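Asker: Pasting an experimental structure, sequence included:
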Amino acid sequence: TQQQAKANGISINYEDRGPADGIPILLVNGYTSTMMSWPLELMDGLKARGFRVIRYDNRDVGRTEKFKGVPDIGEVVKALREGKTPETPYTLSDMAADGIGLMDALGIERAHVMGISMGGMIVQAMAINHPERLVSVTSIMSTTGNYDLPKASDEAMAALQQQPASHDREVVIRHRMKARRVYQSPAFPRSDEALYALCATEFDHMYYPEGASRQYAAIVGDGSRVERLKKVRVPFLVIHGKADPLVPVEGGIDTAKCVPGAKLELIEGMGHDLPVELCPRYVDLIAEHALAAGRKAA
């Protein structure tokens, strides 16, 4: 089930869910999230529509290779405001090359890709840097990095950045539950038991808080993709929750405005999560987008 492949020079833990002749779709996780965070209803729904789902741990999370260095965000932001290219252990482009490298390791020529949050930024970078490898792109609860966009609420930013008090399992899990409630979907909240199970499964997959600073530096260091995205010609779908307090909906709207011809779906009552109740709609949106894209000229 869980296999480890050399891709883009690093060891990537992944799962190819099959079937082998299915339409390949690579799923890219958000900041600090492991491949174990995807809802079963999303993966099963995609499989029931003929999609071969490939999920994987990004660098610095889960059971994929880990890197070194503690980047200072203030130094990165200073380089950007000076108009320079910031120095970080790795970039968003490197993380995009990881996913493309996994396609190479699986013998896949072109794939559909979908990414959530930071994963949405990664699939944007895939579209900018490797368009000849992509059939379609879906960017969910993500943003362009545009500086003029409304900021996240301070409560949501605090939920994203603050570390638990200690390494104790129940301390960490309960802390992560509390953080997820801050940016959950108001119309489709999870039960405490479901939220505990999700957070526990991720914790037990791998607890690696040291990796967060390096992923965050890659996010910040990439700046704005608005100008690059205007050159993207691969079919693009943007999904965003209207009630997202962590990545305000304007960031998804901005993504759709930049990529010419992008499709935009804004979901009422949806926050910064993938409620099981909305998974049939996500599946329908992704499947029809991918099927139509697969009929178009590359």
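Answerer: Here it is on my side, so go on. Residues are numbered from 1 along each chain as shown.
Asker: Could you use CA atoms for every contact and neighbour count after this?
Answerer: Fine.
Asker: For the host helix or strand of residue 93, which residues meet the burial criterion?
Answerer: Counting by DSSP states H and E, the element that carries residue 93 is helix 92-105. Buried positions in helix 92-105, judged by neighbour count with 16 or more other Cα atoms under 10 Å: 92-104.
Asker: For residue 230, give me its contacts.
Answerer: 258-260 (Cα atoms under 8 Å, 6 or more residues apart in numbering).
Asker: which one of those is nearest residue 11?
Answerer: Proximity of the contacts of residue 230 to residue 11 (Cα to Cα) peaks at residue 259, which lies at 32.0 Å.
Asker: Could I get the phi/psi values of the closest one?
Answerer: phi -70, psi 120 (degrees, to the nearest 10).
Asker: Hmm, residue 227 and it touching each other?
Answerer: No. Contact criterion Cα atoms under 8 Å: residue 259 and residue 227 do not qualify, at 9.3 Å.
Asker: Rebuild the contacts of residue 230 as JSON lines, extending it with neighbour count and distance to residue 160.
Answerer: Output for these, formatted as JSON lines (neighbours: other Cα atoms under 10 Å; distance: Cα to Cα, whole Å):
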{"residue": "258", "neighbour count": "18", "distance to residue 160": "26"}
{"residue": "259", "neighbour count": "23", "distance to residue 160": "28"}
{"residue": "260", "neighbour count": "16", "distance to residue 160": "31"}
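Asker: tell me which element the most centrally placed residue in the chain is part of?
Answerer: Taking Cα atoms, centre = their mean, the centroid of the chain lies closest to residue 119, which sits 2.0 Å from it. Taking DSSP H and E as the definition, residue 119 sits inside helix 118-129.
Asker: so where do the strands sit in the stretch 1-150 of the chain?
Answerer: Along the stretch 1-150 of the chain, the stretches classed as strands by DSSP state E, counting those that start in this stretch are 3-7, 10-16, 23-28, 51-56, 111-116, 134-140.
Asker: Could you check how far residue 182 is from residue 26?
Answerer: 28 Å (Cα to Cα, to the nearest Å).
Asker: same deal with residue 234?
Answerer: On the measure of Cα to Cα, residue 234 and residue 26 end up 15 Å apart.
Asker: Restrict the helix holding residue 119 to CA atoms and write it as CSV.
Answerer: Listed next in CSV are the C-alpha coordinates belonging to helix 118-129 (Å, rounded to 0.1, in the frame of the first residue of the first chain):
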residue,chain,number,x,y,z
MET,A,118,-0.1,24.9,-0.1
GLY,A,119,-0.8,22.0,-2.4
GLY,A,120,-2.8,24.4,-4.5
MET,A,121,0.3,26.6,-4.8
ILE,A,122,2.4,23.6,-5.7
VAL,A,123,0.0,22.6,-8.5
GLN,A,124,0.1,26.2,-9.7
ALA,A,125,3.9,25.9,-9.9
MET,A,126,3.5,22.6,-11.7
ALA,A,127,1.3,24.4,-14.3
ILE,A,128,3.9,27.2,-14.6
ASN,A,129,7.0,25.0,-14.8
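Asker: by contact count, what packs against that helix?
Answerer: In this structure, helix 118-129 packs against strand 23-28, helix 92-105, strand 111-116, strand 134-140, helix 226-229, with contacts taken as 3 or more Cα pairs under 8 Å, 6 or more residues apart in numbering; DSSP states H and E.
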